[PDB]
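Protein chains in written order, with PDB author numbering: chain Cp, 126 to 184; chain DD, 661 to 721, 734 to 762; chain Cd, 10 to 98; chain DP, 10 to 216; chain DQ, 13 to 268; chain DU, 15 to 227; chain DR, 10 to 161, 172 to 270; chain CP, 9 to 188; chain Cj, 10 to 235. Let me begin by presenting the structure, written as structure tokens, before commenting on it.
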Amino acid sequence: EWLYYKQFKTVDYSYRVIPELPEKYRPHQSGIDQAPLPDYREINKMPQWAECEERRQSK
Amino acid sequence: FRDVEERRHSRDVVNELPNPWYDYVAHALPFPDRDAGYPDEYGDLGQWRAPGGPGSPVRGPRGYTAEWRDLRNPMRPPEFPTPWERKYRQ
Amino acid sequence: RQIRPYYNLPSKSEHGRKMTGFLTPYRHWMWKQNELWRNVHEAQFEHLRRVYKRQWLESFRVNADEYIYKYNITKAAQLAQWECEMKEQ
Amino acid sequence: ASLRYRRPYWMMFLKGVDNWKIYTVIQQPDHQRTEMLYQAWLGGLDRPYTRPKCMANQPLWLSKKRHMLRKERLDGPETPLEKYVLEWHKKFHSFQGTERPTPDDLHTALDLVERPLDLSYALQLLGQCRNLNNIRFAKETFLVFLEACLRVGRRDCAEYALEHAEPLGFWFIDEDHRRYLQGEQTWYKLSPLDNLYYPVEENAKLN
Amino acid sequence: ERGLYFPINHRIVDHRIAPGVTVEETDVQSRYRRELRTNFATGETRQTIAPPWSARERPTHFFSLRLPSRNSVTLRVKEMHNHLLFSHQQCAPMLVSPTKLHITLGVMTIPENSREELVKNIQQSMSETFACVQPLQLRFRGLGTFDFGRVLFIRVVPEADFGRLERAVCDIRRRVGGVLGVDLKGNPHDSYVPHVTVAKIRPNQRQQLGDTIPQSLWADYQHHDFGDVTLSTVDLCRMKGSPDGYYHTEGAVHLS
Amino acid sequence: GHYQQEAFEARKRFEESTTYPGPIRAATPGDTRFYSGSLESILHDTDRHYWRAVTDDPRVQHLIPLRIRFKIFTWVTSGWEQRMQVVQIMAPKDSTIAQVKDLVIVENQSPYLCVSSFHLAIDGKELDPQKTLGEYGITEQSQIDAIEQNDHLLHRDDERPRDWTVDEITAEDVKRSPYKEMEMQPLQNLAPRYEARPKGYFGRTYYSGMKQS
Amino acid sequence: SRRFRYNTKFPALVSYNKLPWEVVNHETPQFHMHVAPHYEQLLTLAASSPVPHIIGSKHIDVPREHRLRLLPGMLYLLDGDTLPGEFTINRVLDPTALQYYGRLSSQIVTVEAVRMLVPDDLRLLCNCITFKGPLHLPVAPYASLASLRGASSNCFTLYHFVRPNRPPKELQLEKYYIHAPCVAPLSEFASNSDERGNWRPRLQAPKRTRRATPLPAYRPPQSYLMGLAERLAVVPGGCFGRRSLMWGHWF
Amino acid sequence: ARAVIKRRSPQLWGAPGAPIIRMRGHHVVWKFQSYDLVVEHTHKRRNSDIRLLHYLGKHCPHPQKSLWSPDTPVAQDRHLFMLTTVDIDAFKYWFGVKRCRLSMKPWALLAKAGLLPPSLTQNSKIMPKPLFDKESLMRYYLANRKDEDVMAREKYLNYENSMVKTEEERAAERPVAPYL
Amino acid sequence: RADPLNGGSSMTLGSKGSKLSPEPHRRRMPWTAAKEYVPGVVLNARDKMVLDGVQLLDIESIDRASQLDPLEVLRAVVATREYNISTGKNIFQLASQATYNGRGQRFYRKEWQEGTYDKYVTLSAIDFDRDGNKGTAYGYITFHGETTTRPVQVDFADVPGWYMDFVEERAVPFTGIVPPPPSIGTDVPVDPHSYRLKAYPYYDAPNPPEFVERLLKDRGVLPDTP
RNA sequence: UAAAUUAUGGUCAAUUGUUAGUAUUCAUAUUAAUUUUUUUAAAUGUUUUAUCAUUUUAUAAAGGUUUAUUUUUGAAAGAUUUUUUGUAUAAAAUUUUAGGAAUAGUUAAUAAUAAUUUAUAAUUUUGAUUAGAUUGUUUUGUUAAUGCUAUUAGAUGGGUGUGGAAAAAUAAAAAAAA
Ligand SMILES: [Mg+2]
Ligand SMILES: [Mg+2]
Ligand SMILES: [Mg+2]
Ligand SMILES: [Mg+2]
Ligand SMILES: [Mg+2]
Ligand SMILES: [Mg+2]
């Protein structure tokens, strides 16, 4: 228990969870750009099992 | 527990004997009953003064009164002829 | 403190305390027993509380009204003394 | 051990929120333009924006607008089923939805299967109707599901639904539907109109 | 920022509201310094108050010091009328004509049956009371209100021969109300407040005029000084307004 | 309760006394504005800031301190709360309910109360603007509510103001009304900073007279 | 905790820490939550002893003018089903609302229907509850409800007028908690009853040769428990009772 | 309710809490050390005088030979002595009327004096703590229970008023002839 | 204050209790009211090892390349179901299976039926939010054959500790209204053969012998040898 | 404007320098101190709880203040089926520098007013305000003695204002709900 709480800067060792405040706390200031837009046609290509089951559907 | 205890307590004779500590509160008042040895209006210590004197709280105050009758002339022989020693009455 | 034994209900959590106070029925029964015993103690204890309370109240009655006796006599005396000093005045 | 005296009163009973100390210092100018940049990074707005005074969470309307501006996947719907699944996510997964699906909507959803891909889709819908949404089925539900697993020529899933029907929550399976999967009755159902046995290959004995 | 953080005049607890209410249930808001605004500011004056049975009946006759001709008072009250009427002419019915100005020393109800016995007896007692009193020089400055701002009058300052008035009045008070039982609207063991009534709102008037004389009229004349007057003449008057053009006078006494 | 009728009856018997001389105002003191303590306490008019052992003659009360209740929407950080604000006048004994409305309108110092027309009512029944307090038996103790125009629309989402927690506040309404005054966008000293009560204060169910769990 | 004396701390105008004023919304189930347990008590009263304005012969009629200074708070019972004029009709079919009328429908007259009626101008309300069949209470002859055909044609209605969005005070139900005895159990011994001779007294307790059957042996509970409910100040069930008596909680 | 708790000397409830009777003395060499019985609040400040309700007494924890009394061939009296000064009017006031708390060590003391029964913490580790079962206790209770009125009157005399008036002092206090 | 433990007796701080009164000790914090709570941590805590070797998808992964064999989907659904019952069953998981959403049935939590504790809840009505497994549940509490007058929100309806027993007699259609079950002292004449009272206000249970053995073998009365 | 006695009462005031014509508290004395010496302090992990939360745990950091610092019970004590009360924030005294001049969000009335309400305003030579020094009204030393000469330490503004009360960011030696 106490080891777990120890990682927190609680001044009195009070069993409370107090986080820290990093200089960069948010993605944009950490250099990270906008989440990359998904190519839609590439993820809409039918999977392998679906193609195999189409092959045994025509059989 | 209370009952067994009351029983063996009332059974012993050394009890039924008043215990000054257990029984009462001698004085409940925050101030003392009589003056003990505290400095006076002049600042003098308890040892330097005896209470009851001029610093103490005041005591306050046609025909004849009832104090007229009890009095009697030394010339007349008194009530019960108590054998006073002459030297003492002198 | 409230004693937390090892056979209390273990809480599996990494975000908080490792052991929740929840009792095996045995622990509950036990606790009840111990606490009965201390009840036995505190019965007599508070009994003595209120006993001393009435003791103190009664002594206060008696001594305080003895005080009022003596005191009233005193202030009656002073007041007599004053109205006399004013007749003289 | 409560955070009562560590953080501003309005933050009481605050949970799940990431690094709450942030929202303590947001008044300060640099933290505030940091947040302008962050909201711009999240996008969905015309203007430079910042969340209101003491709010730790984002506004309901704002996150709703974030949710509705988020482009769904499957831009290519071909089968009627895929159309209906997109409509299904529209209606029943809408942000803070009051409404909940009906067994009839699941029957409807399950009747549009053609290819095995659509079986996977309809089946995940069914998965959400049991586990996520908690919806009791009807008798004809297993009928539907069964004929659906027949349409695609995969009968594995049907008997896998039989051997344990309690987790999937089919509370009634007519005994003949069991037999058809266990192999006892060549046919699962007879179409009254057809007066023939289903499926047709078993009906080859009926001819 | 320009004063105390909590101005001292704004610290107010209302004890006529139940305890605990203001802490939890609701807060009570009021402009509290209209009520706390004092008897000097409002211009109220506490007259001897009538017992209910006496309060029921109209007063009939009153004692008055008659103002002589050529007064400082009458003149300045005329000046005040001029000013008031130039400001607001809605005052016109409220105002008392300068002809009727008199000092009111007390008010009384005489029943109509015993009328002559009472007027003769009163007149006599009055003449005996005022036998020794020489004329009275009194000072008038300041305005005040009776009956909830319906009656507007000129105060008689206790800076002068006023003292004598107070004994004098309190004697007739103990004769007229003490000896022969007569209805003085107050207690005979209490002294009346002498005044010169300037504006008044009667019951009939009250509908068109309003329930109280707005303080905006007389605010500026509130402390105005009307001057000194010596008074030799005491009257007992019945109130009839058409007999001589002055209050009808049932009795008179000369101070000399 | 018992007090009210005890003192009413006492007054009423006092008025029927054939013989009474009347009180002596040298024996009937007023009240003091000067007493120990920092706070200025307003009391009953039968009561004094000193100790008066003797019971004074019952007087009719010419200024009746009416209390009139309103509903306000108080902004707390979590969202809006509907709570109660009393306005207290001193209304002359014989006054008309129209005049009571007028006195009430002048006495309120809060910008959020009197915006539209309001009707006085007692236990939900409207009062005639025409008649006297005498007729309706209005006393200090009597409970008087006040009902605005839009108040019967408050069960909707329109008339009830919109909290920036769940609702868009736009450049349309940033320049108008309590929203404008409030300054939604946080400043360094945090603007007018309103009282806040958290979301889990009453639990999952809000405040009630009846215990719901 | 006791309520503190006065607020000198914060400006009055701003009002600061104030318990919210509870207001009853008629659109939600919560409305009925408040109103229902009153109705039952009310009907109970009507079953024992008379109360004056409870029973009207016909629908009350008032002008538009005097509408809101007469109606609000009014509660009266009628024989038939007729819905007040100029009132939009809302059926209450939502189950959560219907739910609170459970006790009233089981142990008093069965509830046939519930209706929320709102005036066209929208500022007035009428809660209309239609009961079916005879009371499951006994009805006194001199009692109010004895003047009604719907009790003792078997349907009859309760009508309650109220303003919307008001505190659950000024719907006036609390005047009705006057309590009169049901004389049904003693009706047996009155000189009017002919079954009073079929009565026989037990003056003396009968000789008993057997003790009460002993309770089944106690099984100590097997799961984890939250600790002494005594020390946690939990009343015996988390239900009712005093924390000093711990009866019926586990051990 | 302190943001950063004072970690070393915690208590229960807000300070100043209910008054508690404590033993305290400055620390020194064991040869000279004395203690003070003190009624004070629950939360102490740097100097113990700031919250101090009353001063109950000095207690010296050093067994002493009694040189004040003459050397006495009596066996028991020549055991060493332990000296303590109790103020018992203040004690009975504070404890009884004001309802104090008690730390354990002062409790042991006042137990020795006969003001209190021995404490909860004084353990002969010879005996165990007792067992209990309700049916046996019930048999013992049905066996012995006194009358209701006797018990009520005992509670009356112990808790409420003790000093009562016999018929005699009534008869002696009621007025005689000229006003009778 | 209103209801102390053993009256005020102050001889130890622990003598009072872990809470001084049922009622909230500060007026500004109402939720401090004494309830009967439940071990939420353990009873939520669902088993994530049940989801081992499964291949779940997400809600918004609708992609063609993303989803899987219908067989894989089925064992995924079964794994998820087993994951949700993995602790106990939530009310809303019990109620959706019963007729009429289980209106009228008696829902008892495990610990309410063991020991001298006897309590259950008759269901008055249910609101399913869009997510099952959560919601609001109202009903009547019945404690030792004594029942509530009006319905109440059932507390801890979401925590998975609940059992019930389906009876056709108790079922109510959504049209009608769930009646409160009769409190056995008042509405129904008290009968011994129909219902016997487990425990009453001054009662408490006799000592189970294994506890006694254990406590003496603890305190060192009865010996215990390694 | 008279003595006094039924006699020592009412409980201890007692000063110690060997100088250098004379005038003036001034070198070398005793007591008390600093010079002067490890026999009284002490180490870090406060604690429960219903679980990412919520209950318990309120005056030793610095800055330099002389017309200056002032307060409740709603927490706990605390007893009991539910409501119940009123008293408080204000002042008066005591206030330092060898050679001495002006100070200022400013007084009082109004009022839950007025960054422009009204007024012949307020503090000061009976010593102000700035500025130096300084921790304020039972604590010591010397002495026969009115004196002279010490006394630490601890309350340093506001800015989502929680809490009964701000006393709230190492530095105990206060047992903190079995
Ligand atoms: Mg308390
Ligand atoms: Mg400090
Ligand atoms: Mg300085
Ligand atoms: Mg001073
Ligand atoms: Mg001061
Ligand atoms: Mg700061």
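All C-beta atoms in this analysis are idealised placements derived from N, C-alpha and C, irrespective of residue type, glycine included.
- Cβ contact annotation for residue 44/Cj (same chain, cutoff 8 Å, sequence separation greater than five): 164, in chain order.
- Along the stretch 173-191 of chain Cj, none of the residues has a CB nearer than 7 Å to a CB of chain DU.
- Contact annotation, residue 64/CP with residue 103/CP: C-beta distance approximately 10 Å; criterion of less than 8 Å not satisfied.
- Around the C-beta of residue 175/Cp, 16 or more other C-beta atoms lie within 10 Å, and the residue is accordingly described as buried.
- Within the stretch 125-157 of chain Cj, those residues whose Cβ lies closer than 7 Å to any Cβ of chain DP are, in chain order, 137, 139, 140, 141 and 142.
- CA-to-CA, the gap between residue 69/DR and residue 185/Cj works out to about 31 Å.
- Annotated as proximal: residue 200/DU and residue 35/DP, with beta-carbon spacing under 8 Å.
- Apart from the 5 residues on each side of it in sequence, residue 111/DP sits with its Cβ closer than 8 Å to the Cβ of 144 in its chain, given in chain order.
- It is roughly 9 Å from the alpha-carbon of residue 193/DP to the alpha-carbon of residue 185/DP.
- With fewer than 16 neighbouring CB atoms inside 10 Å of its own CB, residue 21/Cd falls in the exposed class.
- Across the stretch 125-138 of chain CP, CB contacts with chain Cj closer than 8 Å involve 128, 136 and 137, in sequence order along the chain.
- Straight-line spacing of the CA atoms in residue 12/Cd and residue 79/DP works out to 53 Å.
- In the three-state scheme derived from DSSP, where H, G and I count as helix and E and B as strand, residue 245/DQ is classed as strand.
- Within the stretch 38-63 of chain DQ, contact with chain DU at the beta-carbon level (separation under 9 Å) is assigned to 38, 39, 40, 41, 42, 43, 44, 46, 47, 48, 50, 51, 58, 59, 60, 61, 62 and 63.
- Shown here, residue 138/DP sits in a helix according to DSSP, grouped into three states.
- Approximately 21 Å separates the beta-carbon atoms of residue 119/DQ and residue 267/DQ; this is outside 8 Å, ruling out the contact.
- For residue 173/Cp, the enclosing alpha helix (DSSP H) stretches over residues 173-180.
- Shown in chain order are the members of the stretch 82-103 of chain DU whose Cβ falls below 8 Å from a Cβ of chain DQ: 83, 97, 98, 99, 100, 101, 102 and 103.
- Taken in chain order, the whole alpha helix (DSSP H) runs of length 4 or more contained in the stretch 36-105 of chain DR are 39-57 and 76-79.
- When secondary structure is reduced to three states using DSSP, residue 46/Cd falls in the helix class.
- Close CB contacts of residue 13/Cj within its chain, under the 6 Å cut and outside five residues either way in sequence, are absent.
- Flagged as an interface residue toward chain DP: residue 181/DU, by a C-beta distance shorter than 8 Å.
- Assignment of residue 171/Cj by DSSP, reduced to helix, strand and coil, places it in the strand class.
- With fewer than three CB-CB distances shorter than 8 Å, the stretch 133-140 of chain DQ does not count as touching the stretch 235-244 of chain DQ.
- Note that the C-beta distance between residue 138/CP and residue 46/Cd is below 8 Å.
- One finds nothing in chain Cd with a Cβ atom closer than 8 Å to the Cβ of residue 138/Cp; even the nearest lies about 13 Å away.
- Where residue 148/Cj is concerned, the enclosing beta strand (DSSP E) starts and stops at 145-152.
- For residue 166/CP, there is no enclosing beta strand (DSSP E); the residue is part of the alpha helix (DSSP H) that begins and ends at 156-167.
- Residue 146/CP: member of the alpha helix (DSSP H) spanning 142-151, first to last residue.
- Note on residue 30/DR: 16 or more other CB atoms within 10 angstroms of its CB, so buried under the neighbour-count rule.
- For residue 89/DU, the secondary structure class from DSSP, reduced to helix, strand or coil, is strand.
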